[PDB]
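Encoded as structure tokens, the following chain is the form deposited in one PDB entry, with no partner shown.
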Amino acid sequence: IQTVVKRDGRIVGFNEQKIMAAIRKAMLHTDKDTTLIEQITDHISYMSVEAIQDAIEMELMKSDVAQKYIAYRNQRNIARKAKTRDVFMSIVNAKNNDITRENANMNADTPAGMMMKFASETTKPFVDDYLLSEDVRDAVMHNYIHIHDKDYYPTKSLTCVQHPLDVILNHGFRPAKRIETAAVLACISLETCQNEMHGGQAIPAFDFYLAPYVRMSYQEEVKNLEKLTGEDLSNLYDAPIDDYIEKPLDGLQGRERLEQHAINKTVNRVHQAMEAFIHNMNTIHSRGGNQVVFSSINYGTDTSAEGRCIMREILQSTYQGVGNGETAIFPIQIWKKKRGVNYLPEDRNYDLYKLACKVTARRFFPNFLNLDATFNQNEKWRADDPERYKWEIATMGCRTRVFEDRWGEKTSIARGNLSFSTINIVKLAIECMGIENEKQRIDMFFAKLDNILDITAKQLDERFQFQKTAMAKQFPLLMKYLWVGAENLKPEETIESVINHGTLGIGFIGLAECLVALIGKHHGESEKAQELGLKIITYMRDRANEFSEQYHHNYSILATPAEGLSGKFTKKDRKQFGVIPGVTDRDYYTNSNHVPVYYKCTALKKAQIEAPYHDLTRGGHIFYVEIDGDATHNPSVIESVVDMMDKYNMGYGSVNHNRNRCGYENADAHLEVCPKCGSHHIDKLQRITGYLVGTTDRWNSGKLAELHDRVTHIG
């Protein structure tokens, strides 16, 4: 009799005095009594509010009021969601708004790209309101903690993994027997697991995996040559080859001519296969919202002829380019350095190294990874045991490092990352800028940071608990072959007992402003700021270790590469607290543990100031170095940076320059008219946080100002 729940969830009484008020309101002006209203009230008096409305309609119809009743309800039910309509119209019309450029690699104009924005915008509120806890929600609402790749939470999707590419090639999913077959199987495997993850893929040992097939190609070539001209060349199968070099046939005869011909035709096929592989991972737009698969490759630690044959071919292909002398945006290539193998002039591969340098002085790649840097070393590494690639460090895309373990064996193959979240420190500092006692200021800062860290750890543990319940069959390829503990679980079982072999990351942003917006100067010009910065980082590392010991997981600190986050906190902070000089007068925040870009400094000082942090940030780091356009010709400068890196303890590097873009990619400082193409279109090619990004139109609206303020360390 009395059960009325007005929409929402409130439980209220049946007043019975407004059901007449509303009907009277609907008849104020419709041309067309009190008795009829009383009869309707009596009839209805004989529940869910919404439903009953329909009955009311008929009571009005059987008597100019029904049309005046549903119309108003629909006209008010539509104005309640006039905020989503604006964003939907913005997406449909494909305008350059802040909500369509959060990722500079996608293309939102195409229907495929346009179909991802709706899913992201519809799935963010769901995870916000129905999955997270209350403390985490309140922390996130106030712009303190950030969750990365939030709009994948319900899918239970991991981030990155290193591919073991020996089971796939050997057993297939038929076995390969030529160079091209393996070269295509690699691409197939890479694109069939960037559909079960939201991060990137890396291949740690290119040479050690693709070497044993050049021998098979040579054997097939010799067999064909013997078939043509009847002879017995059986002995010339296991012939020790020092190098797979090519020479013109300018005068020779007998079996030597046949052997030289076989070598030449085995080299050409490898060159073709490598070129095809490069061209395959740069145009097949097949990864999701109209993207290219995020792929990286490792090499530089092999001595056999085949390995040194593959490296030379891939480097030559990269130098040559794709198209009319253009530059390939993918894959990411990183060179591995180790004294006694590559660096010293007496070592076996020092001639391929003095080249990586020449290529990197032209095409932005490869980068350099410093092995045995006092934390990348290992104890089970024998130089005479097939140059073990298992006991070596490999780096995934966007400054990610996974090398340490606590309940297994120290390796980097068949393991990856599960999630990582970021903590804002600028707001904590600015919240305590009204005190004069420095000791109390620092103590309050530390207390607040301690408070935030526990919430972050709880959030990571909650996400891990949610991911633990995923089924095996949701990841067919990534849970049968490519993982450190697969091959012993059915497709109708959980992955609870094979998931703990992973890493969790805690990051930070703006250490060049947070701890130094409270003091006179930053860590690039004041000697005393370095001590405070190192104290903060050490405190964070100690708390991370304590959390690892507590929750039974693997926590690590990381320098978050900010792409869409470079201008997200700044706007809200400026709106709330206003404008403070040298803190929030830039529209962007300097990346983690990095000197401000707009501060002029030489390479030596920058390296010395950014060196000690790399030991603490044991989840990822980087050391950028700009170079002017006229010093991009000499491949001598990329050798300073590397020896400077080696002198101190650093584990990652790169070099960047400006590049204007028929496709005449001239590197001069400024260009007016292209030499060949008369079109005025002249774009710029550079990197944002670890990958090159097209032209200066598909960028974020907040990180573009950073590109206009970079300074050119000359070397």
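If you superpose the two forms and keep the largest set of C-alpha atoms that fall within 1.5 Å, you have the rigid core. Numbers for residues come from their place in the sequence shown, where the first is 1.
Omitted from view is the form deposited in another entry, to which the following refers.
Among 186, 139, 479, 413, which is the residue that shifts its C-alpha 2 Å or more between the shown form and the other one, core superposed? Single residue meeting the criterion: 139.
Rigid core superposed, CA of residue 456 - does it shift 2 Å or more between the shown form and the other one? Yes, residue 456 moves 2 Å or more.
Determine, after fitting the two forms on their core, whether residue 204 shows a C-alpha shift of 2 Å or more between the shown form and the other one. No, its C-alpha moves less than 2 Å.
Fitting the rigid core first, would the Cα of residue 621 be found 2 Å or more away between the shown form and the other one? Comparing forms between the shown form and the other one, the residue 621 CA shifts below 2 Å.
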